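Everything below concerns the one structure shown next.
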Amino acid sequence: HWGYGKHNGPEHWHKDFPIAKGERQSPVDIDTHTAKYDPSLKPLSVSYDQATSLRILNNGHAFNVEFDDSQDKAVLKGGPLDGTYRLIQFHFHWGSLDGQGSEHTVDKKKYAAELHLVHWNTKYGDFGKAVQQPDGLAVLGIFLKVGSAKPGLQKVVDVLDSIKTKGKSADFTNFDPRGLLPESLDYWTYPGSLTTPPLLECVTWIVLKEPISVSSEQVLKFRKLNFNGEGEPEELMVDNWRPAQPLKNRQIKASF
Ligand SMILES: C[C@H]1Cc2ccccc2N1NC(=O)c1ccc(Cl)c(S(N)(=O)=O)c1
Ligand SMILES: [Hg+2]
Ligand SMILES: [Zn+2]
């Protein structure tokens with residue numbers, strides 16, 4: 001099944017998942033000079049005060065912090081979005097080297113990594129029904145750069161030990177995702193897709209302009225994770241990122 005290697009990577013996904021070549025695929029290059037400041041766009045509202053994390057899983061491509069999403073607690077609304085969207089999970093995409101890893105790029109610039117907080121549209125009942133809808137998901141993309149430690153990431157950094165290999169999960173309660181946000185909520189927005197298979201075209205993307213900084217030691221630990229399961233030849237979880245895809249007529253809008 002799919003991966004990020006020479007024989008199962010992004011260039012191979014289209015065969016099992018035809019939509020890999022579809023009309024609204026992610027990620028894309030954000031051409032900052034072509035993106036249009038949109039005044040019809042209400043301010044963003046990120047409300048993570050009640051967010052209830054349950055666990056962190058190595059899924060064989062990334063690790064997911066998962067959230068209790070059967071009540072309205074950690075919610076995204078405002079900006080490009082109509083109604084409310086509930087936080088289901090967060091995860092990252094990173095490189096082997098500081099010079100790559102982000103999925104979205106900004107005037108062709110690849111950041112060291114990118115965080116996705118994944119939210120689903122409440123009017124659709126649950127995650128599984130939302131991903132059948134064109135406005136089913138909202139993902140908040142946040143860029144990572146290597147510099148100072150991000151304090152609010154360190155609790156994730158240290159549990160990674162427990163979930164080195166594919167399949168492993170660990171209890172991960174009381175994590176506050178607010179720690180992971182930059183100061184400014186300025187963003188770009190476009191209609192797009194999951195960046196992994198099934199690659200469903202159900203996402204409103206909201207990519208924040210201001211990266212967070214993480215430390216070199218922080219990113220390094222990310223890179224100690226494994227693509228293989230326990231007992232297998234060791235493939236190191238690096239370069240788990242899809243490259244930029246064709247914009248295709250679509251317009252990216254700036255919130256600023
Ligand atoms: C392990 C698989 C299986 C699965 C099931 C439900 C939700 C996410 C999810 N997975 N992982 C993802 O990384 C994922 C899910 C949704 C999205 Cl919107 C994205 S992403 N990369 O467009 O932000 C990733
Ligand atoms: Hg969809
Ligand atoms: Zn992602």
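This chain uses plain numbering: 1 for the first residue, then up along the sequence. For ligands, and for the atoms within them, numbers begin at 1 and follow the listed sequence. All heavy atoms count here, side chains included; hydrogens, waters and symmetry mates do not.
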Practice prompt. Would you mind listing which atoms of ligand 1 come within a distance below 4.0 Å of any non-hydrogen atom of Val139?
Written response: 18 (Cl), 23 (O)

Item to complete: Report the part of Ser193 in contact with ligand 1, treating N, CA, C, O as backbone and CB onward as side chain, heavy atoms under 4.0 Å; options are side chain, backbone, both, neither.
Response: backbone

Worksheet item: Roughly how far, to the nearest 0.5 Å, is the CZ atom of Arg86 from the NZ atom of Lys73?
Response: 9.5 Å

Fill in: Minimum heavy-atom distance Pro80-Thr189, with the two atoms named
CG-OG1, 3.3 Å

Worksheet item: Side chains of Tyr124 and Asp135: do they bring a donor and an acceptor to under 3.5 Å?
Response: yes

Item to complete: Classify the angle between the aromatic ring planes of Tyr4 and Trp13 as parallel (below 30°), tilted (30 to 60°) or perpendicular (above 60°).
Response: perpendicular

Discussion item. Centroid separation under 6.0 Å, is that true for the rings of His104 and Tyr190?
Written reply: yes

Worksheet item: Should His116 be counted as touching ligand 1, given the test is an N or O pair under 3.5 Å?
Response: yes

Worksheet item: What part of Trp205, side chain from CB on, backbone N/CA/C/O, both or neither, has a heavy atom under 4.0 Å from ligand 1?
Response: side chain

Discussion item. For atom 15 (C) of ligand 1, is there a protein heavy atom at a distance under 4.0 Å?
Written reply: yes

Worksheet item: Does the protein place any heavy atom closer than 4.0 Å to atom 24 (C) of ligand 1?
Response: yes

Worksheet item: Does the N or O separation between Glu103 and ligand 1 drop below 3.5 Å for any pair?
Response: no

Worksheet item: Is the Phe175 ring parallel, tilted or perpendicular to the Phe90 ring (thresholds 30°, 60°)?
Response: tilted

Practice prompt. Would you please test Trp120 and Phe127 for ring pair (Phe, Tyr, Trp, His ring centres under 6.0 Å) and show each step?
Written response: CA-CA 6 Å; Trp120 54 271; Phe127 174 87; 7.7 Å; no

Worksheet item: Quick one: nearest non-hydrogen protein atom to atom 12 (C) of ligand 1, plus distance?
Response: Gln89 NE2, 3.8 Å

Item to complete: May I ask you to list the atoms of ligand 1 that are less than 4.0 angstrom from any heavy atom of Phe127?
Response: 6 (C), 7 (C)

Worksheet item: Closest to the Zn ion (ligand 3), which N/O/S atom of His116 is it?
Response: ND1

Item to complete: May I ask you to check whether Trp241 and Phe92 place their ring centers less than 6.0 Å from one another?
Response: no

Practice prompt. Starting from the C-alpha separation in whole Å, work towards a yes-or-no answer on side chain to side chain donor-acceptor pair (under 3.5 Å) for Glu235 and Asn228.
Written response: CA-CA 6 Å; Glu235 214 181 337; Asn228 57 285; over 6 Å; no

Item to complete: Pick whichever of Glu114, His61, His93, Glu66 has a heavy atom sitting closest to atom 2 (C) of ligand 1.
Response: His61

Response to the item:
among protein heavy atoms, the one nearest atom 21 (N) of ligand 1 is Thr195 OG1, 2.9 Å

Worksheet item: the Zn ion (ligand 3) as vertex, arms to NE2 of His93 and NE2 of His91: angle to 10°?
Response: 100°

Response to the item:
In this structure, atom 13 (O) of ligand 1 is nearest to the protein heavy atom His91 CE1, 3.7 Å

